[PDB]
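Working notes, beginning with the structure itself.
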Amino acid sequence: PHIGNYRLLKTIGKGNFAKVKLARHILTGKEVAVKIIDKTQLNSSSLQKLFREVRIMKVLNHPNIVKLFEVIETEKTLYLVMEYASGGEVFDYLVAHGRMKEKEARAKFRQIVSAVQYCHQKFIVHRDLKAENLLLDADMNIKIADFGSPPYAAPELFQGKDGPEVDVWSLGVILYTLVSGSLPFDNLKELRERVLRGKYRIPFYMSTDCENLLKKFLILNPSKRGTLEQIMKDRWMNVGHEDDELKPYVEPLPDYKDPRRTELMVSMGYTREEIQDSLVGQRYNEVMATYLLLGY
Ligand SMILES: C[C@@H](c1ccc(F)cc1)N1C(=O)C(C)(C)c2cnc(Nc3cccnc3)nc21
């Protein structure tokens, strides 16, 4: 229970060679979730997908996407240190709470759309968004997990045809999933047909407002599906947010020279130059991890 700068606590998840353990950054006392991946047992394609994830995770900085703090690499094992989302799975919440009232769903959906679009600003497409890919933090805010399933697929994804247009369909599914508690389309062929028809069951409690937005997402033609920037201006998206309309994610400017954190770090034996080089170089080393975590 001591992998590098971290002290391992519980095991919030296990699986196929990859296992997530709740840990604590010893220098800052902060809580993190360490994704421990055994590369010896990983196949040809999954390693390519893993390295894609690590490369993406490094560029993103959205309050609704799980932050990466450190990358601890060994020959056989890879350790990815990410922010731990205390709330749990949105899936278990939809299971327990029953479903979400449009007001609650709106708050969480604004974040989902903002986060996904932010990836799109950077020409990054998730290609597979699911309600069991969505996490909740302490204050019940969405935290999109990782890039590491079929009812969430687009029509042309069956028709044999990969860009941002795909993520727009999946968000329609996600929105429906949140407000109703169920999947809009349901063996194969039965799912293939119902998704291709486009016709989904509209629940009795749904508003005209919410159904219009679903229509903006769930469009059969991939070429006729709206962008996330034009969908952000939708009425349902801004109900109780009249002055604060949803706009493409801000992205804060870099504060690589915080005096509070740098004095504490220089005290720890870190050189002022290595603190700067690690952040400018975006190395995600023990220096970078210590700095990002100190800012909490
Ligand atoms: C364990 C795993 C995860 C991710 C998405 C899920 F939908 C379920 C589990 N997982 C991860 O890989 C990473 C991003 C490191 C992560 C961070 N935080 C949490 N929190 C959590 C999940 C479930 C119950 N209580 C807490 N799970 C994480």
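Residue names in the structure tokens use chain letters A, B, ... in the order shown, residue numbers from 1 in each chain, and ligand numbers from 1 in the order shown.
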
### Task
Check every protein, DNA and RNA residue against ligand 1, keep those with an atom at most 10 Å away (counting only C-alpha atoms and all ligand atoms), and present them as a count of residues only.
48

### Those of stretch 121-260 of chain A in DSSP strand (DSSP E or B), formatted as a PyMOL selection string
chain A and resi 134-136+142-144

### Task
Please identify which residues in stretch 24-208 of chain A DSSP calls helix (DSSP H, G or I) from the backbone, and express them as a PyMOL selection string.
chain A and resi 44-59+90-96+102-121+150-152+155-157+164-180+190-197+208

### Task
Skip residue A:281 itself and residues of its chain fewer than 5 positions away, then list as a list in words all residues within 12 Å of it, counting only C-alpha atoms.
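Listing them by chain and then by number gives residues 58, 59, 256, 273, 274, 275, 276, 287 and 288 of chain A.
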
### Residue among A:110, A:199, A:99, A:30 lying closest to residue A:142, counting only C-alpha atoms
A:110

### Message
Can you pull out the residues contacting residue A:150? Cut-off 9 Å, using only C-alpha atoms, and skip same-chain residues under 4 positions away; I want them as a count of residues only.
### Response
3

### Task
Quick one: everything within 12 Å of residue A:264, counting only C-alpha atoms, minus sequence neighbours fewer than 6 positions away in the same chain. Send it as a list in words.
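With the cut-off at 12 Å, the set is residues 27, 28, 258, 270, 271, 272, 275, 287, 290, 291, 294 and 295 of chain A.
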
Quick one: write out the picked residues with C-alpha atoms as a PDB file, in the first residue's frame?
ATOM      1  CA  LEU A  27       3.025  15.124   0.435  1.00  0.00           C
ATOM      2  CA  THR A  28      -0.399  16.961   0.200  1.00  0.00           C
ATOM      3  CA  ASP A 258       1.461  30.325  -8.030  1.00  0.00           C
ATOM      4  CA  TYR A 270      11.944  20.939  -5.492  1.00  0.00           C
ATOM      5  CA  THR A 271      13.899  23.513  -7.567  1.00  0.00           C
ATOM      6  CA  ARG A 272      11.917  26.524  -8.865  1.00  0.00           C
ATOM      7  CA  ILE A 275       8.575  23.201 -11.099  1.00  0.00           C
ATOM      8  CA  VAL A 287       6.676  17.627  -9.589  1.00  0.00           C
ATOM      9  CA  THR A 290       2.454  17.759  -6.306  1.00  0.00           C
ATOM     10  CA  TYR A 291       1.700  21.245  -7.828  1.00  0.00           C
ATOM     11  CA  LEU A 294      -1.538  21.555  -3.852  1.00  0.00           C
ATOM     12  CA  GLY A 295      -4.164  23.658  -5.656  1.00  0.00           C
TER      13      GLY A 295
END
